[PDB]
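The listed protein sequences correspond, in order, to chains A and B. Counting from 3, one number per residue, gives the positions in the first sequence under the authors' numbering. Counting from 2, one number per residue, gives the positions in the second sequence under the authors' numbering.
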Amino acid sequence: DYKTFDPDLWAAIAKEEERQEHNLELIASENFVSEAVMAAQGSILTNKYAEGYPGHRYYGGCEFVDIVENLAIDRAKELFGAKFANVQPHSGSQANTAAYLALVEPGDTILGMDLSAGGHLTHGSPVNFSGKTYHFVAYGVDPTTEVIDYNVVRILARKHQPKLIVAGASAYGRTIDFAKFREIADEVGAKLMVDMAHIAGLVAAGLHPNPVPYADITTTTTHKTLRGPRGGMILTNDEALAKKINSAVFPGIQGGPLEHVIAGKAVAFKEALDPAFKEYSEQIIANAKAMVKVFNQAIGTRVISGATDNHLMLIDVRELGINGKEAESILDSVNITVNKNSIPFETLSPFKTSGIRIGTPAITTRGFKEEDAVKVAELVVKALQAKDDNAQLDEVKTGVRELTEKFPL
Amino acid sequence: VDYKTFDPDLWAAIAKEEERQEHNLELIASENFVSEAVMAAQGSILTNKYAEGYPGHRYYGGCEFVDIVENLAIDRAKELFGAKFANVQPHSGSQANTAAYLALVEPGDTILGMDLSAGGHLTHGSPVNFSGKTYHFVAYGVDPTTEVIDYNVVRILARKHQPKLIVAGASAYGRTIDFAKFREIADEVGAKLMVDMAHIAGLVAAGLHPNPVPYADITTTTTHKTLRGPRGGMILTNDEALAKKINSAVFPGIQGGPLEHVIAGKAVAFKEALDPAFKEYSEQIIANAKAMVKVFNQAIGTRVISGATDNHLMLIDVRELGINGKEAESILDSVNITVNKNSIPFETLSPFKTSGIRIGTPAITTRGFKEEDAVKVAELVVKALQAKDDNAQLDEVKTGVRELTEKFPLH
Ligand SMILES: Cc1n[nH]c2c1[C@](c1cc(CO)cc(-c3ccccc3)c1)(C(C)C)C(C#N)=C(N)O2
Ligand SMILES: Cc1n[nH]c2c1[C@](c1cc(CO)cc(-c3ccccc3)c1)(C(C)C)C(C#N)=C(N)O2
Ligand SMILES: *Cc1c(COP(=O)(O)O)cnc(C)c1O
Ligand SMILES: *Cc1c(COP(=O)(O)O)cnc(C)c1O
Ligand SMILES: [Cl-]
Ligand SMILES: [Cl-]
């Protein structure tokens with residue numbers, strides 16, 4: 003009825019719910035938040051200014067908003083064991099912005115994972131505030147094993163004497179050894195910052211080593227594997243760091259927080275304290291390993307590093323005579339969403355790439371099991387092997403429809 | 002109701018905040034009540050979509066309809082304010098301003114912006130904010146007698162310090178801002194001009210405040226406040242080269258994925274602001290503020306800074322009542338009237354005590370208050386502040402508050 007006033011807006015939203023229903027979301031950073039999370043984001047909390055922190059706001063009327071933000075703060079400490087949590091970052095990028103501000107000065111040397119090797123843009127890219135503001139040295143993965151070579155990272159750290167070492171990745175499918183990063187950091191006198199955005203839910207479920215005890219500062223998104231609303235968060239065990247972090251977030255780089263989103267963080271965090279979330283996360287990894295099995299055995303789909311320990315995988319497609327962007331386009335046409343993705347030692351443009359990235363958190367949320375995940379990888383290989391063959395691509399589309407009807411939203 | 006059962010801690014708190022918004026006089030100058038449609042947009046399944054990039058140039062597929070939504074927001078913004086280019090991805094006014102600075106100046110450049118005590122925002126050069134830390138800000142303020150911007154002083158400062166950029170816009174300034182005179186001072190010294198219209202964006206959209214968009218190299222704004230949209234930011238320009246620097250600065254410059262469900266709420270709100278009724282709304286805002294200023298001007302104890310308002314807000318020196326801004330704020334809070342303490346020009350107290358309070362009418366106007374009601378509000382505020390904890394008087398104010406909120410219930 004309010005939709006009558008703005009028919010064009012609500013029509014697009016309606017077609018988007020239809021799109022999420024009928025497509026397979028394999029983009030590794032996506033998920034489906036719960037009805038309760040969306041309800042919190044749709045609440046009247048959007049009306050409340052609340053600059054400052056609970057009990058220390060810059061105007062009145064925050065007595066009950068402070069309950070919401072405290073729940074989000076306190077559930078983060080419960081989920082991750084940190085002594086201090088900040089839940090105001092508007093995004094993972096802002097969380098990283100403020101975490102740098104608390105650890106280093108502009109121009110300081112920072113060691114962070116190369117983007118082609120699987121790092122995020124905020125870990126040093128020159129088109130990002132991180133590369134522009136600080137002096138980033140990249141570490142990568144080994145060219146044969148495509149896993150992190152900690153002795154090489156150690157060579158780099160001693161050569162470059164960074165003030166800060168950053169661990170964490172957006173397209174790295176293997177366990178990150180946080181304890182080795184800490185030893186390296188200690189040895190050259192650098193601090194350690196971990197960006198666990200992609201794996202935060204696996205960490206919360208106890209299925210990936212927890213960086214919080216090792217890192218000076220841990221940043222994360224609240225979406226992705228955590229299955230929360232879009233937003234960021236900052237954790238630390240050092241009270242002196244927590245103070246810098248808090249000043250960095252506000253009044254440093256942000257103004258008022260999105261308390262309706264923070265309310266959705268609180269909702270999501272309690273969902274993640276439930277034992278059901280560990281079963282969900284167990285299924286994320288098992289579905290990913292099952293799909294990796296299919297690709298390892300298929301022809302043309304080289305899994306980077308040959309296995310996965312977490313929710314995602316990188317597929318090198320150069321042996322199908324295509325690039326990532328063509329692979330992304332083929333699969334999009336049969337109603338399968340992935341993203342083109344640079345692979346270690348990428349030779350092509352970052353906008354063509356030599357591979358695609360695939361993650362299980364979204365389909366696992368829809369209820370897919372290993373059987374169904376195996377099926378998707380088979381559909382993916384069939385589509386990419388079918389050199390522009392409409393008969394075969396329609397088959398794949400049929401298989402995608404079967405799956406989406408089997409697991410509606 | 003079922004998800005509410007899984008988390009009573011969370012939802013009982015939100016239930017309390019609903020009651021509080023319904024039972025309070027919200028006089029915080031930057032707050033409002035967004036429509037049901039806006040809230041419905043922020044609560045949609047659009048929170049699930051990653052859409053890094055811009056419409057037609059995302060970094061992956063599946064953005065067909067997210068592009069309609071964001072293009073609606075962009076196009077409606079171009080139409081509301083008459084700018085050739087609009088970026089609707091900033092997560093906030095602070096992000097909007099962060100990206101605008103990156104498109105205009107280099108770290109360390111000299112920038113002229115309004116002093117915090119005088120009414121400027123934190124992002125206009127405060128040393129505790131990225132703006133003060135990253136650039137060499139030189140502040141202008143207001144004249145101590147008239148408490149309005151002295152444009153000859155801006156000229157004097159601009160010529161002395163040769164800023165690369167001049168920033169106009171304010172958070173606690175109740176008078177018309179002469180953008181033409183800023184444009185002429187910038188041109189004289191060869192500086193760029195940035196205008197931050199967050200507070201007055203809705204008045205500007207209604208034609209009730211001079212439009213900065215033709216004068217400013219870049220205009221930034223929030224989408225909440227007088228525009229009455231979701232919390233968020235926006236960047237406007239007419240210059241195509243700046244538009245590209247702006248879009249690069251926002252992504253991948255300082256943000257990752259945008260909040261597409263908030264951007265949907267921006268599109269909803271921009272269409273509401275294009276409706277002819279929004280102009281009647283915005284005119285009621287100003288008439289209510291002027292009605293309140295008249296009352297405060299007649300009560301001793303409540304000195305209105307500069308003695309008049311042209312917009313939605315007023316700044317009140319309370320010191321002759323023997324209290325500071327913090328005490329006034331909490332006095333008013335105890336009788337269900339919510340303001341914020343606020344520094345006044347040439348502030349003598351701590352920035353966390355302050356000499357004043359800031360009051361605005363956008364929120365009460367949104368729930369239907371007229372000039373008659375705006376008058377009763379200011380009278381209730383005067384009564385509460387003069388009551389010297391006389392509980393009988395404070396309880397009378399609570400009744401007056403209850404009368405107004407029951408007379409104008411919320412949606
Ligand atoms: C958007 C983003 N932010 N951080 C990322 C991305 C990814 C990405 C994808 C693409 C696809 O054309 C381009 C870029 C890119 C980065 C710098 C300059 C030009 C283009 C980056 C993925 C995770 C979305 C990506 C890859 N590849 C990984 N490694 O990190
Ligand atoms: C939060 C904010 N951001 N931008 C603003 C604010 C205001 C504000 C209020 C307060 C109230 O204790 C303190 C400060 C402050 C900030 C940093 C250092 C010292 C003091 C600022 C208002 C509009 C909320 C303010 C005032 N006064 C105006 N002028 O601009
Ligand atoms: C996704 C991601 C980010 C950025 O989060 P945004 O909300 O898009 O700004 C930062 N770091 C890592 C490791 C990420 O995976
Ligand atoms: C409120 C305001 C801002 C900050 O907007 P946020 O969303 O809180 O970051 C910036 N400039 C002005 C003039 C403002 O009034
Ligand atoms: Cl990502
Ligand atoms: Cl403000």
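We put the beta carbon where it would ideally sit given N, CA and C, even for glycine.
**OP:** Could you please give the first and the last residue of the uninterrupted beta strand (DSSP E) stretch that includes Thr6 (chain B)?
**Re:** Run containing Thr6 (chain B): none in the beta strand (DSSP E); it sits in the alpha helix (DSSP H), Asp3 to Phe7.
Subject >> Contact under 8 Å by Cβ, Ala16 (chain A) with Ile69 (chain B) >> reply: Result no, Cβ atoms of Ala16 (chain A) and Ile69 (chain B) do not sit closer than 8 Å.
**OP:** Could you run through the stretch 166 to 191 of chain A and flag, in chain order, every residue whose CB is less than 8 Å away from some CB of chain B?
**Re:** Those residues of the stretch 166 to 191 of chain A that come within reach of chain B (Cβ to Cβ, closer than 8 Å) do not exist; the list is empty.
**OP:** Could you tell me if the beta carbon of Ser31 (chain A) falls within a distance shorter than 7 Å of some heavy atom in ligand 5?
**Re:** Yes, Cβ of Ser31 (chain A) sits closer than 7 Å to a heavy atom of ligand 5.
Original post:
Considering only residues of the stretch 125 to 206 of chain A, which uninterrupted alpha helix (DSSP H) runs meet the minimum length of 4 residues and lie entirely inside it, listed in chain order?
Top reply: Fully contained in the stretch 125 to 206 of chain A are the following alpha helix (DSSP H) runs of length 4 or more, in chain order: 131 to 135, 152 to 162, 180 to 190 and 202 to 206.
Subject >> Distance between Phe370 (chain A) and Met315 (chain A) (C-alpha atoms, nearest Å) >> reply: The straight-line gap from Cα to Cα measures roughly 17 Å.
Subject >> Reference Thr227 (chain B), options B:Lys245, B:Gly208 and B:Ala242, closest by Cα >> reply: Distances from the alpha-carbon of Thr227 (chain B) to those of B:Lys245, B:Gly208 and B:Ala242 put B:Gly208 closest.
Original post:
Terminal residues of the continuous alpha helix (DSSP H) containing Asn72 (chain B)?
Top reply: Start and end: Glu65 to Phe82.
Subject >> Cutoff 8 Å: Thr220 (chain B) Cβ touching any chain A Cβ >> reply: Among the residues facing chain A, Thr220 (chain B) is not included, as its CB has no counterpart in that chain under 8 Å away.
Subject >> Sufficient close CB pairs (3 or more, under 8 Å) joining the stretch 310 to 327 of chain A to the stretch 392 to 407 of chain A >> reply: Result no; under three Cβ-Cβ pairs closer than 8 Å.
Original post:
With distances taken between CB atoms, is the gap from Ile219 (chain B) to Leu123 (chain B) smaller than 8 Å?
Top reply: Taking 8 Å as the Cβ cut-off, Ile219 (chain B) and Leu123 (chain B) do not qualify as a contacting pair.
Subject >> Listed by chain order, chain A residues near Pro231 (chain B) by CB distance under 8 Å >> reply: Annotation: Cβ neighbours of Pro231 (chain B) in chain A (cutoff 8 Å, chain order): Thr48.
Subject >> Span separating the alpha-carbon of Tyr282 (chain B) from that of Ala171 (chain B) >> reply: One alpha carbon belongs to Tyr282 (chain B), the other to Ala171 (chain B), and they sit about 22 Å apart.
Subject >> heavy atom of ligand 1 below 7 Å from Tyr141 (chain A) C-beta >> reply: Incorrect: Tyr141 (chain A) has no Cβ contact closer than 7 Å to ligand 1.
Original post:
Ordered along the chain, which non-local residues of its own chain (more than five positions away) have a Cβ less than 8 Å from that of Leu103 (chain B)?
Top reply: Closer than 8 Å at the Cβ level, and outside the excluded window around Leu103 (chain B), lie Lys246, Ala250, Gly254 and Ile255.
**OP:** Mind listing, in chain order, the continuous beta strand (DSSP E) runs of no fewer than 3 residues lying wholly within the stretch 249 to 301 of chain B?
**Re:** Within the stretch 249 to 301 of chain B, there are no complete beta strand (DSSP E) runs of at least 3 residues.
**OP:** Evaluate residue 415 (chain B) with the Cβ neighbour count: other Cβ atoms within 10 Å of its Cβ, from every protein chain shown; 16 or more gives buried, anything less gives exposed.
**Re:** The requested residue 415 (chain B) does not occur in the structure, where chain B is confined to residues 2 to 412.
Original post:
From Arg368 (chain A) to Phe34 (chain A), what does the alpha carbon distance come to, in whole angstroms?
Top reply: Using only the alpha carbons, I get a separation of about 8 Å.
**OP:** Kindly indicate the opening and closing residues of the beta strand (DSSP E) around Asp390 (chain B).
**Re:** Counting along the chain, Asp390 (chain B) falls outside any beta strand (DSSP E), and DSSP gives it neither H nor E.
**OP:** Helix, strand or coil for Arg403 (chain B), going by three-state DSSP, please let me know.
**Re:** The answer is helix: DSSP assigns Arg403 (chain B) an H, G or I state.
Original post:
CB of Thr310 (chain B) to nearest heavy atom of ligand 4: below 7 Å?
Top reply: False, no ligand heavy atom lies under 7 Å from that Cβ.
Original post:
So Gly120 (chain A) packs on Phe138 (chain A), CB below 8 Å; how close in whole Å?
Top reply: At roughly 15 Å, the Cβ-Cβ gap does not stay under 8 Å, so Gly120 (chain A) and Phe138 (chain A) are not in contact.
Original post:
By a C-beta neighbour count over all protein chains shown, 10 Å radius and 16 as the cutoff for buried, is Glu330 (chain B) buried or exposed?
Top reply: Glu330 (chain B) should be labelled buried.
Original post:
Considering only the beta carbon of each residue, do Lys272 (chain B) and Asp8 (chain A) sit closer than 8 Å?
Top reply: Yes; because the gap between Cβ atoms is below 8 Å, this pair is in contact.
Original post:
Using 8 Å as the limit for Cβ to Cβ distance, is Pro253 (chain B) near chain A?
Top reply: Taking CB atoms only, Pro253 (chain B) has a neighbour in chain A less than 8 Å away.
**OP:** Output yes if chain A places a C-beta closer than 8 Å to the C-beta of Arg21 (chain B); else output no.
**Re:** Cβ-Cβ to chain A under 8 Å: yes for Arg21 (chain B).
Original post:
chain A beta carbons: is any one of them nearer than 8 Å to that of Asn130 (chain B)?
Top reply: Yes, its Cβ sits closer than 8 Å to a Cβ of chain A.
**OP:** For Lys85 (chain A), collect the residues of the same chain with a Cβ closer than 6 Å to its Cβ; drop the 5 residues on either side in sequence, then sort them by chain order.
**Re:** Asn239, listed in sequence order.
Original post:
Is the stretch 334 to 354 of chain A in contact with the stretch 139 to 149 of chain A, if contact means three or more CB pairs nearer than 8 Å?
Top reply: Enough Cβ pairs lie closer than 8 Å, so yes.
Original post:
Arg359 (chain B): beta carbon under 7 Å from a heavy atom of ligand 2?
Top reply: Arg359 (chain B) has its CB nearer than 7 Å to a heavy atom of ligand 2.
**OP:** Can you tell me which of the three DSSP states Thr220 (chain A) falls into?
**Re:** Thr220 (chain A) falls in the strand class under three-state DSSP.
Original post:
What residues from the stretch 56 to 80 of chain B come within 8 Å of chain A, judged by C-beta to C-beta, listed N to C?
Top reply: Going along the stretch 56 to 80 of chain B in chain order, one finds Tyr60, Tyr61, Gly62, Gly63, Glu65, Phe66, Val67, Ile69, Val70 and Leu73 with a Cβ nearer than 8 Å to chain A.
Original post:
Of the residues that make up the stretch 31 to 48 of chain B, which ones have a beta carbon closer than 8 Å to any beta carbon in chain A?
Top reply: Listed in sequence order: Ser31, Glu32, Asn33, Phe34, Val35, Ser36, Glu37, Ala38, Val39, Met40, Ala41, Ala42, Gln43, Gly44, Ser45, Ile46, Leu47 and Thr48.
Subject >> Any non-hydrogen atom of ligand 1 within 7 Å of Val129 (chain A) CB >> reply: Indeed, a heavy atom of ligand 1 lies less than 7 Å from the Cβ.
**OP:** Could you tell me whether any non-hydrogen atom of ligand 6 is closer than 7 Å to the CB of residue 1 (chain B)?
**Re:** Past the boundaries of the shown model lies residue 1 (chain B); chain B is included only from 2 to 412, so the question cannot be answered.
**OP:** Measure the alpha-carbon distance for residue 1 (chain B) versus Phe131 (chain B) and round it to whole angstroms.
**Re:** Nothing about residue 1 (chain B) can be read from this structure; chain B reaches only from 2 to 412.
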